[PDB]
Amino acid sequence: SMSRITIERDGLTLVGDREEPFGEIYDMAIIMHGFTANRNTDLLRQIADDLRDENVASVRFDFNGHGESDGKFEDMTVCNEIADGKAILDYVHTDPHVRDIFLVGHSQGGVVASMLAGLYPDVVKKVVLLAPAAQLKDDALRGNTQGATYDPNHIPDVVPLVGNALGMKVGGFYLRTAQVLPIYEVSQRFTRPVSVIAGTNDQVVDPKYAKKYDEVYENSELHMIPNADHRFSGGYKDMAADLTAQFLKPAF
């Protein structure tokens, strides 16, 4: 809670945590979580700790409709998470302590990070995508979003989620905008270094989406972690976080 910070976007308060190394000037990563997740998952905290140990600061915010941030979950879209992203980027870019700016996204947060970097290719220095969930578009086009089914041509107002997200309702506007989201076209505009990290045992997002990111990016590396799952659980967390810190290390 010592690390707690907040910013505003359109009248919504976004709640985050700021982690800094010793010393008053540093590079800064913006770390983005996924669909129904929050800013304090094990993986995101591990990334932040590994970055700090590397003299790289970080902020991680709950997207609107998630965690401690304002907004109903059903009012969240990928587009207004990109807007949340833009507000965080403004906060970081105008911060007097910062040198370079990195984007790190897991799952749907990797889509937000990749599109945001495509819109700010002259400002963001590097990107790390961890199992970025570009499948969310094909999922919405098919009428199946993480097990919840619906007619993709008569999308209801809200769609009840199933499984772990039982009780939660995704907005129809989330699904309608997902169907037409130009994920790779916008993301492609980022020509600076990208590292794409994905588990060979990812059952939630087909690793072909991570492969396609690596194909369209001019300057990228692909890291397939054998046997890792979508969440990078257990021992895989350390592997994914290590690769993330590797890519963003200051090179002293």
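Residue numbers run from 1 along the displayed sequence.
- If you average the C-alpha B-factors over 204-212 and over 57-65, the higher value belongs to 204-212.
- The PDB entry reports B-factors from which the mean C-alpha value can be compared for 175-183 and 139-147; the larger average falls on 139-147.
- The residue among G85, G118, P152, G105 whose C-alpha atom has the highest B-factor in the PDB entry is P152.
- In the PDB entry, a CA B factor belonging to the lowest third of its chain's modelled residues is recorded for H33.
- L12: CA B factor lies in the middle third for its chain, per the PDB record.
- Per-chain ranking of the deposited C-alpha B factor places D95 in the lowest third.
- Among the modelled residues of its chain, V128 has a C-alpha B-factor that falls in the lowest third, as given in the PDB entry.
- For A228, the recorded CA temperature factor ranks within the highest third of the chain's modelled residues.
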